[PDB]
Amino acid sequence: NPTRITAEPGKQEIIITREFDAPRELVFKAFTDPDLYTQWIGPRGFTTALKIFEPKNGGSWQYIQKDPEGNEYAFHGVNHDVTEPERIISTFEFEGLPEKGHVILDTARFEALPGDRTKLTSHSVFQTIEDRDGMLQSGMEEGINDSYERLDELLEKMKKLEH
């Protein structure tokens, strides 16, 4: 399944679409179950440990990732809306930036497809076009691809466990 990424020049947003060979109920769970989230999130070779994780309206979340060397990357946000298995809307901040205040609004939409499949549409809206650009420069398009691949593998395990 291809990971389509739209990042038009001059715009302060990024849209990503990606399908999964599993029902959105399972995909949504991979997003809201603490023990599952850490197994696919982040780029390959990275480790993720959760500090706070509240997959509900008004809940906060915060995790720290470690590269295959020891470097740490801390992130946090708050969930505006978590409606199973429709969507998740929350803020996102990378604490490793020199200046504070650069916050992104993420909207993840989960739609059922024929054959009990799922189409995920992630919408990232940035503070400014440069913030959007800086994100892409950080090899985000690569990391996103890895995580989704990690998710494919996890979904298979979940499906196997199913029946």
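Throughout, we count residues from 1 along the sequence that is shown.
Asker: Taking the mean of the C-alpha B-factors per stretch from the entry, tell me the winner out of 100-108 and 64-72.
Answerer: Between 64-72 and 100-108, it is 64-72 that shows the higher mean C-alpha B-factor.
Asker: Given the B-factors recorded for C-alpha atoms, which segment has the greater mean, 137-145 or 150-158?
Answerer: If you average the C-alpha B-factors of 150-158 and of 137-145, the larger mean comes out for 137-145.
Asker: Quiz for you: based on the deposited Cα B-factor, which of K51, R44, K119, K56 is highest?
Answerer: By C-alpha B-factor in the record, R44 ranks first.
Asker: Lowest, middle or highest third of the chain for the C-alpha temperature factor of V125?
Answerer: CA B-factor rank for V125: middle third.
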